[PDB]
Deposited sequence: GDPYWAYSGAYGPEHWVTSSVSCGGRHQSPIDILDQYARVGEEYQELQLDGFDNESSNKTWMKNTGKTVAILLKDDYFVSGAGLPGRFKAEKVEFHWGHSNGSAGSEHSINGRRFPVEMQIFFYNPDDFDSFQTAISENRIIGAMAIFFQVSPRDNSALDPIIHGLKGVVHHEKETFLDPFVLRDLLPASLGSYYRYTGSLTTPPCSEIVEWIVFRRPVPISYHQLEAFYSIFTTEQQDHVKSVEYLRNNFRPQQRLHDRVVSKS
């Protein structure tokens, strides 16, 4: 049994705390990284073409990609190696509208998140979550560009296949590495939480500073996504848009830079 929540209304972000106690704490994500007051990575398998068994799902809150190949990330001050589980997205409203969760201040039309766990001391991601243990997350910004980005063809085509809440599809082969910035060098590090309920404060973040290009055209498949809302005794079909959590406060936290 999970608490009903949304990105607006009586169950919007500022009301998550009332049903999810962890949402009202400190060390919450996202935040606003300040570059003026800021301050190696090894990726295993990111260079591989994904499986035809790797699939996509409209969860009604985001679009999720269940990865079914072995991807690892080591370094960057992480407590060991971490193995990728899933990918989720956050987008705006229209015409490149801000929709990213992190930022400085400069938000981007889309933010993508890759979630990890440590398999050296766990068997599945979902066991890690249940046990409130440390997980890793990447945050990758997408910025508008004049020209299409073919690296993202499998993803966009995926979007068109999961328009409605609960819909699923398989994905054409894609290369996870090229879903990352051209320059991996500049990124940041801090301790945070899940950006959704239960907002478990168990997450080590990586925010790559440089963004990945997308076209306005590719961007539109994000704005074509629907969801549902279970309000009272009326279920309705709604646009899934602006599905980002407000930026939180750092408190006793400092960001690293590399």
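Residues of the deposited sequence lacking C-alpha coordinates, counted from 1, fall in the stretches 40-45, 110.
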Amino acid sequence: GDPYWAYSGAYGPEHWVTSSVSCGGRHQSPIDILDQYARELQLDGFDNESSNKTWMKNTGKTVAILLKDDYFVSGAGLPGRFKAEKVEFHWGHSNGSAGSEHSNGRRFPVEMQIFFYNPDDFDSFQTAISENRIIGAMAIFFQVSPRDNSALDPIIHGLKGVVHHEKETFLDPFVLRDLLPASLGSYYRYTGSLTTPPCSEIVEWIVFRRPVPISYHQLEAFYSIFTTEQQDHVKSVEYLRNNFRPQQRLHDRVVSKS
From here on, numbers count along this sequence of modelled residues.
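Across the two stretches, 58-66 and 224-232, the PDB entry reports the greater mean Cα temperature factor for 224-232. As listed in the deposited structure, the average C-alpha B-factor of 19-27 and of 235-243 is greater for 19-27. Taking the deposited Cα B-factors for 99, 158, 75, 173, the highest one is held by 75. Sorting 88, 85, 168, 148 by the CA temperature factor given in the entry leaves 148 at the top. Sorting the modelled residues of the chain by their CA temperature factor places residue 164 in the lowest third. For residue 153, the recorded CA B-factor ranks within the middle third of the chain. Only modelled residues enter the ranking. In the deposited entry, the Cα temperature factor of residue 113 places it in the lowest third of its chain's modelled residues. Annotation for residue 202: C-alpha temperature factor in the middle third relative to the rest of the modelled chain, per the entry. Sort the chain's modelled residues by C-alpha temperature factor and residue 125 lands in the lowest third, per the entry.
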